[PDB]
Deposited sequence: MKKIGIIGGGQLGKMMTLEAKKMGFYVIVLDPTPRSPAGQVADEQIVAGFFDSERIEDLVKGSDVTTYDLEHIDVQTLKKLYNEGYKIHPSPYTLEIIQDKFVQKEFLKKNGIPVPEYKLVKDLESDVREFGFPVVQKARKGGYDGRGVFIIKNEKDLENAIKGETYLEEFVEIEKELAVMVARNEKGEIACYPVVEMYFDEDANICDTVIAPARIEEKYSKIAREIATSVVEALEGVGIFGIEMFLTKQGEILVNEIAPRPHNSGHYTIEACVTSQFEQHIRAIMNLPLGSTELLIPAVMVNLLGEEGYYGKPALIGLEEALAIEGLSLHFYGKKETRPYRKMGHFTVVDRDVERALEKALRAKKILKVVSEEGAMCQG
């Protein structure tokens, strides 16, 4: 039984190990938190930090393939292990390119992938003048500040940053795309950010075809292995530009669990194990909605509105096992499937007001 190593034992990692074991694989989770969510349901867990070079190395050498559910990781030791032959997917090199938002943009531009106009900042006040207000500023490494006036510019993000033209967004889109080392690619439906996800995106065939073609291009240019979450902007001028790349299963890909033949999590395992990719057929439209911790609440998690929300046909719930609720924190998500996406959304919005994660 081949062993899959997973760095990061949070929710994304747990869902990963669950699908991996379901496919008959042994899983070792590396997380600093003893009995992490993923470690709890994994075969083994290495209790160490995401930069404990020594331990991440014990994971890689003790696994057939190593993957990860988060980006803030020791990419350096990973590149070394990758260079001497150990299987790490996605490649620590693509992770590196993605870590630094500027180099990610640079990479996308060079490979012919549409992206917002950007500019490395060396002379802040001098560079912003090349865009004029409003302009967008982002931190190169992990955030995003929208400079609209003088007072904001005087209080801009400090550190290594870069500028981006403020994009006139018609809609924000996303698409999961997986790829084998063999080269097979599986592209999912383009979805829409209403944080709520609408699948499929209510957009002209013309645009979804383009969004799918660009998402594939990115993974290809990257020679990626695993599943990737590509965020895009459909502009007010009819242009599709990629905003960011997530080298792992993405929150905007959860709908696949209830709406597609193979979930994003099953694809990721298939992809990193170089197995034949699974069908991405959308069996039914779906609207997903994150269950964030309520504003002004702290402590013991409490889910309210369950009975009433479950009465909505097509509604199902995914509550994560978290011991502490924090405002804005991702406590879970719920999805609504309906033959008619519009009815799916109406219901989801209705439920959104009902389902709340409170404290005590």
{"property": "Where the deposited sequence has no C-alpha coordinates (positions from 1, in order)", "result": "143-147, 200-207, 374-380"}
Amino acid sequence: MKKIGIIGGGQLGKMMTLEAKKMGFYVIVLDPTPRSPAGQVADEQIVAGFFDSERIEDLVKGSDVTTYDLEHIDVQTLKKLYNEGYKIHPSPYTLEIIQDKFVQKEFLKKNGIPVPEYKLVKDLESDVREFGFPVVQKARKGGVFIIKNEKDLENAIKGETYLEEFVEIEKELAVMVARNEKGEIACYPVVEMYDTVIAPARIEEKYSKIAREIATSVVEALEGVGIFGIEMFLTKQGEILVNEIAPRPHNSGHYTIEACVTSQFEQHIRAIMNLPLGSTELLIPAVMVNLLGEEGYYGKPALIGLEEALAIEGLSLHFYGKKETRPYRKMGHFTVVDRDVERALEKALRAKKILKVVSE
From here on, numbers count along this sequence of modelled residues.
| property | result |
| --- | --- |
| Entry-level comparison of average CA B-factors, 69-77 and 112-120, reporting the higher stretch | 69-77 |
| Between 210-218 and 238-246 (mean CA B-factor, as deposited), the higher | 210-218 |
| Which of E184, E231, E164, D152 ranks first by CA B-factor in the deposited coordinates | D152 |
| Member of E168, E96, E172, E125 with the greatest C-alpha B factor (per the PDB record) | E125 |
| Chain-relative CA temperature factor third for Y298 | highest |
| Entry-reported Cα temperature factor of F51, expressed as the chain third it lands in | highest |
| Cα B factor band for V287 (lowest, middle or highest third within the chain) | lowest |
| Third of chain Cα B-factors occupied by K105 | middle |
| Third assignment of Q40 from its chain's C-alpha B-factors | highest |
